[PDB]
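See below for the structure under consideration.
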Amino acid sequence: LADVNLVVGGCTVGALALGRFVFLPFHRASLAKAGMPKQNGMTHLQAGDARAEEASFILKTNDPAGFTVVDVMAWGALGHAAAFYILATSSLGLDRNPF
Amino acid sequence: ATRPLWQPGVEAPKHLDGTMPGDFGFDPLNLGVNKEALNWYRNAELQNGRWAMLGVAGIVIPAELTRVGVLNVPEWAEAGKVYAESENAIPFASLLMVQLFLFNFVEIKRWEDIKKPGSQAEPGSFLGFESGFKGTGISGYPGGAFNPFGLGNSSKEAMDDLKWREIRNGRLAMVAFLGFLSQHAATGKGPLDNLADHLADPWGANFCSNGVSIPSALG
Amino acid sequence: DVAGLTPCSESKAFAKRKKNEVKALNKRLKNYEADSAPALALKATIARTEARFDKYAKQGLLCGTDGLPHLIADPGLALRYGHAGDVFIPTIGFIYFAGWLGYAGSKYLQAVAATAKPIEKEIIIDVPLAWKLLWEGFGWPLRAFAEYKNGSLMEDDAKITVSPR
Amino acid sequence: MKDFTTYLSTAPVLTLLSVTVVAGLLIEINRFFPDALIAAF
Amino acid sequence: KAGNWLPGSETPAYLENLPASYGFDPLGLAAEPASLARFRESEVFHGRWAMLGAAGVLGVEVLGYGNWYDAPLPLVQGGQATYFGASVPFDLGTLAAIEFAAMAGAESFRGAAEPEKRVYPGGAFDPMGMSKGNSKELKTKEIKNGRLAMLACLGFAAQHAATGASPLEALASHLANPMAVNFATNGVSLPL
Amino acid sequence: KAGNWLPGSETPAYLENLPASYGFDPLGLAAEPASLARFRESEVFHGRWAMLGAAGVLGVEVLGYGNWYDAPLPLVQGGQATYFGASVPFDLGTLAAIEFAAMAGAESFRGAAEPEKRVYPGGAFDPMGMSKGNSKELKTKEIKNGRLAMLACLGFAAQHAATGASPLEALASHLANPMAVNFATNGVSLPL
Ligand code: CLA
Ligand SMILES: CC1=C[C@H](O)CC(C)(C)[C@H]1/C=C/C(C)=C/C=C/C(C)=C/C=C/C=C(C)/C=C/C=C(C)/C=C/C1=C(C)C[C@H](O)CC1(C)C
Ligand SMILES: CC1=C[C@H](O)CC(C)(C)[C@H]1/C=C/C(C)=C/C=C/C(C)=C/C=C/C=C(C)/C=C/C=C(C)/C=C/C1=C(C)C[C@H](O)CC1(C)C
Ligand SMILES: CC1=C[C@H](O)CC(C)(C)[C@H]1/C=C/C(C)=C/C=C/C(C)=C/C=C/C=C(C)/C=C/C=C(C)/C=C/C1=C(C)C[C@H](O)CC1(C)C
Ligand SMILES: NCC(=O)NCC(=O)O
């Protein structure tokens, strides 16, 4: 309940930096372990779902660590959700404390 | 094998051979057919017998000494409340927990004996005291620090004799303690009170007159 | 009181029920000479009813909004309120007697299985053997726990026949 | 005799006899200790 | 090994070469190798965190700055929590955010490392060069102190949840008259 | 040996060359070599602590500063402990702290040594060099005086727990009336 601008901007920038610098190794490791979904041993693309063909605007990026635009959007979505949790919770003024 | 049995003419079951002390071939319910269960029951009988001998002593000896005029301690049933109402008395819950915490250690030690009868003698267990726990080859008879006077620690058959004396006295003590419990539940008097009462009128004062043994509904 | 249930010795509805049931039996009495067999039967019935209602009040059973005794089926919430004779003690008593009968039957089966004609010793029971095993079944907690700690109570599924999945 | 006692050991007779004995026992217990709702000891 | 928790007993075979091992595994939770490796790492890390936690819980009270339970309360229902008597100008939101960022960075760096370097990474975490001269013995000391501190932190939590005191206050209360104010006297631990 | 505990008997074989040995082992507690090798050092240390304790109990009372029991009373009661007459302004907690630190480092230095060095350390603990010159007789001296002091300290504790008096006070009360002021007369020790 103190400046939507500061909290949402700082939270989103912090979440972007945290997903680009901190959580990126584990994120990439888990993504490499998981991989594209498979039905009966073949990806949905091999089976014939040509709409399951991987979006081209993510295969090659220009970020030196491989941070694609969709990664940016997921991490920004998490950052905005956390920031608006902060705002909406600080806006309330009720005793939730179990004491 | 040819020893006296509980029923003369009834042969002993072919599992109660004749090696255990106190063996009279008594086992109508066949509870000890399994050898391992028989060892556990032997050990249980030893524990029950020893605790019952201690308890029956601590019941009759204070009672008879009170009767003649010394020590004037209460009767065993109310002795719990007599202490409990004292001023600096430990609360019951804390007292029971202290007792159970000590007996936890002691009885788990005896347990690990019962499994492998040399378990607790391994070096490095206690602080040099582990040697006194070596056992004597049979569970329930530790020796060592136990048995300080070395009674029966001589002729083997001497130890066998004392084992029969111990087991007979323990069986008597457990029967007597069951008697004390059932007598105080029926007649709210002490053991010596019941004894001196029965001798007064054996045909009038017995178990068929207290009205609790034989159900009043029937009569 | 354990859950809004006042002891039947206090509940007014319990005594009211006692009163009404006795009054019904009195109305049934008021038709016979109080020395005839029907009159004696009615008087015995009334005495039995009064004894039951006094016995229930003495033992401190819990009566509800209506005047009917209630029972408690939770150990701990019945052991700290003096109501263990309601379900826990009869639980022990049943479990014991049921186990006694089951163990006697089980041991009889295992004893007559190893004979010449096991299918014959089930329709023509051997009464002395059945009676001996019925007597040995009283220690069933001991013997059953011995066989479980021994592993001889149960049979490994590699030897029990099964269906083709 | 031996065959008569064998007949008395048959399932039809021994079952009926045991049910009669247990029934009689429960009837006697309820006759002397009636209306027992709880295990009051 | 050195130790056996149940002297007369047989220990699991997978628990031998481990430092500070006593064969203590009655539930067989280390019957598998990978599971046991993860458990070993987690035990050491838990021991370190609980040593820090127990040291803090004792040192906030022996130094005289309130007990561990009432330390976060002032931040709520007011603000500016106190450290050493001072006052941070930070609220719960910024505290949570800064902790989340810093701990995320630290534990993401730790978690991405090699198996053994995830639990015993000397490098710059041993400035005093003590990992030399056979660290096995040192590892045993660390594990046993960690076990003691873990049990102590759980004890803090349970004692405060039962009697509502504070660690040193409970200590003094028990010392004053042990035979009648142990855990068996409160109406919580013992349902009597 | 020099001693037989029971004039006629057969004594444990392992007790022969020890200083001040009387064959006293009817319980077989030191049968294995390690148990005896630990118990010797334990007994010697127990004896030295006893000698010092008995010296203190006699000295705190013979000089005129009070009992051996009331020693720790001025620790609470508001405060103020007396030592010869000084104030020694040290509260209860710092006493435990200072003594724990001192005894921890001292007992962790004396034990971490070799078994002979753990009980009979020449070094600076024999400044007057009486450790040489046939030390077996002197070892017997030390052990027997230690046994005497152990029983003395046990008697101090027991007679205080029975009559409530003091060593010198109990001695005076006995010497005045040897006849009706014994252990047999206070209704604690002898009951019949
Ligand atoms: C002594 C014989 C005996 C024994 C030990 C068992 C034991 C068992 N039965 Mg079983 N059963 C029996 C006889 C026996 N049954 C008979 C004769 C029938 C035909 C009616 C059944 C029909 C039956 C069914 C349908 C089921 C079981 C099930 C079970 C298991 C669950 C326990 C239970 O409550 O069962 C319940 C017991 C009954 C339903 C009836 C009991 C029959 C009488 C009371 C006992 C017979 C005693 C015998 C005649 C006397 C011989 C004594 C000797 C001296 C001669 C259990 C292991 C259940 C299961 O699947 O396991 C989980 C199951 O669903 N039984
Ligand atoms: C052999 C057989 C086999 C077959 O086959 C089958 C059959 C038949 C089943 C069988 C038989 C059985 C029997 C008989 C049993 C019984 C038992 C008992 C009685 C026990 C007790 C047992 C008992 C016991 C231990 C006891 C103990 C006791 C005690 C401690 C006491 C204590 C006390 C005292 C001092 C005093 C105080 O004031 C109180 C008290 C606290 C109380
Ligand atoms: C091993 C095994 C195996 C087998 O087989 C089985 C069995 C038996 C199960 C087992 C056992 C187990 C156990 C015992 C466990 C336990 C654990 C614990 C206690 C933990 C804790 C643990 C704990 C921990 C870490 C803790 C930590 C802590 C902390 C950080 C704290 C912090 C803090 C402080 C400073 C103060 C302030 O004011 C607040 C806070 C902020 C809060
Ligand atoms: C040998 C044997 C072997 C076989 O086999 C078996 C048998 C026979 C069992 C045996 C026996 C043994 C024994 C007798 C033991 C005992 C011990 C003791 C008494 C110790 C003390 C011990 C004791 C001691 C040290 C002492 C302690 C004390 C002290 C230091 C002091 C302290 C103090 C002082 C200064 C003063 C102040 O104001 C007070 C106080 C603070 C209080
Ligand atoms: N290895 C240490 C050792 O031997 N200690 C003996 C003792 O506890 O005094």
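Residue numbers (the entry's author numbering), protein chains in the order written: chain G, 1228 to 1326; chain 8, 29 to 247; chain F, 318 to 482; chain J, 20 to 60; chain 1, 32 to 223; chain a, 32 to 223.
No residue lacks a Cβ here, since even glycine has one placed at the ideal position from N, Cα and C.
Close-in-space but distant-in-sequence residues of the same chain around residue i (CB under 7 Å, 5 per side omitted)
i: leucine 451 (chain F); result: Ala421
i: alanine 201 (chain 1); result: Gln190, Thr194
i: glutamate 338 (chain F); result: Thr366
i: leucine 93 (chain 8); result: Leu99
i: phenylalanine 55 (chain a); result: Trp36
i: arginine 149 (chain a); result: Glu72, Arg141, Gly142
Same chain, Cβ closer than 8 Å to residue i, five either side skipped, listed in chain order
i: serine 1318 (chain G); result: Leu1228
i: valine 429 (chain F); result: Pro435, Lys438, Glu439, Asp443, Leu446
i: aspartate 141 (chain 8); result: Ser147, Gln148, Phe161, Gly163, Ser167, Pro170
i: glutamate 47 (chain a); result: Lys32
i: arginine 345 (chain F); result: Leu359
C-beta neighbour in chain G for residue i, strict 8 Å
i: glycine 136 (chain 1); result: yes
i: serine 139 (chain 1); result: yes
Closer than 8 Å at the beta carbon, the chain 1 residues around residue i
i: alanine 121 (chain 8); result: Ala215, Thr216, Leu221, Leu223
i: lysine 144 (chain 8); result: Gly39
Proximal residues of chain 8, C-beta to C-beta of residue i below 7 Å
i: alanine 62 (chain a); result: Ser159
i: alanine 211 (chain 1); result: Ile118, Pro119, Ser122
Short CB-CB distance (under 8 Å) between residue i and chain F
i: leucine 59 (chain 8); result: yes
i: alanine 213 (chain 8); result: no
i: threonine 39 (chain J); result: no
i: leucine 44 (chain J); result: no
From the options, residue whose alpha carbon lies closest to that of residue i
i: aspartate 101 (chain a); options: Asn213 (chain a), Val150 (chain a), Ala196 (chain a); result: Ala196 (chain a)
i: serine 326 (chain F); options: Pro386 (chain F), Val444 (chain F), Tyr465 (chain F), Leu426 (chain F); result: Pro386 (chain F)
i: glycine 53 (chain 8); options: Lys63 (chain 8), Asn62 (chain 8), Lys42 (chain 8); result: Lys42 (chain 8)
i: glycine 207 (chain 8); options: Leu93 (chain 8), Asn222 (chain 8), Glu194 (chain 8); result: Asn222 (chain 8)
i: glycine 218 (chain a); options: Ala192 (chain a), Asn208 (chain a), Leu206 (chain a); result: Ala192 (chain a)
i: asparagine 343 (chain F); options: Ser353 (chain F), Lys360 (chain F), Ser480 (chain F); result: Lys360 (chain F)
i: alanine 188 (chain 1); options: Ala44 (chain 1), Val88 (chain 1), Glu47 (chain 1), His77 (chain 1); result: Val88 (chain 1)
Interface flag, residue i vs chain 8, CB-CB below 8 Å
i: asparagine 348 (chain F); result: no
i: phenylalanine 414 (chain F); result: no
i: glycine 87 (chain a); result: no
Interface residues of chain 1 facing residue i [CB-CB closer than 9 Å]
i: residue 1 (chain 8); result: No answer is possible for residue 1 (chain 8): it lies beyond the span of chain 8, which begins at 29 and ends at 247.
i: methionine 125 (chain 8); result: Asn213, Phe214, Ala215, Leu221
i: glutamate 150 (chain 8); result: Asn35, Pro38, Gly39
Per-residue contacts from residue i into chain J (C-beta, under 8 Å)
i: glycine 402 (chain F); result: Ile57, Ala58, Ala59, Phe60
i: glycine 410 (chain F); result: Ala58
CB contact check: residue i to chain 1, cutoff 8 Å
i: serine 147 (chain 8); result: yes
i: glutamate 64 (chain 8); result: no
i: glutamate 140 (chain 8); result: yes
Other residues of its chain near residue i: CB distance less than 6 Å, five sequence neighbours each side excluded
i: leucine 199 (chain 1); result: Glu92
i: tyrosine 1312 (chain G); result: none
i: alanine 183 (chain 1); result: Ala85
Cβ separation of residue i and residue j, assumed to be a contact under 8 Å, to the nearest whole Å
i: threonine 171 (chain a); j: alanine 51 (chain a); result: 4 Å
i: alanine 211 (chain 1); j: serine 122 (chain 8); result: 6 Å
i: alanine 180 (chain a); j: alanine 33 (chain a); result: The Cβ separation is near 20 Å, so there is no contact.
i: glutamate 103 (chain 8); j: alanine 91 (chain 8); result: 7 Å
i: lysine 191 (chain 8); j: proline 49 (chain 8); result: 4 Å
Chain 1 contact residues for residue i, given Cβ-Cβ distances below 7 Å
i: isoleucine 1313 (chain G); result: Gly124
i: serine 1317 (chain G); result: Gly124
i: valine 1249 (chain G); result: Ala135, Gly136, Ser139
8 Å Cβ cutoff, residue i in contact with chain J
i: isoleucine 363 (chain F); result: no
Partner residues on chain a for residue i, Cβ-Cβ distance less than 7 Å
i: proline 176 (chain 8); result: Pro57, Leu58
8 Å Cβ cutoff, residue i in contact with chain a
i: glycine 156 (chain 8); result: yes
Contacts of residue i in chain J (Cβ-Cβ under 9 Å)
i: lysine 372 (chain F); result: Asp54, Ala55, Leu56, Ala59
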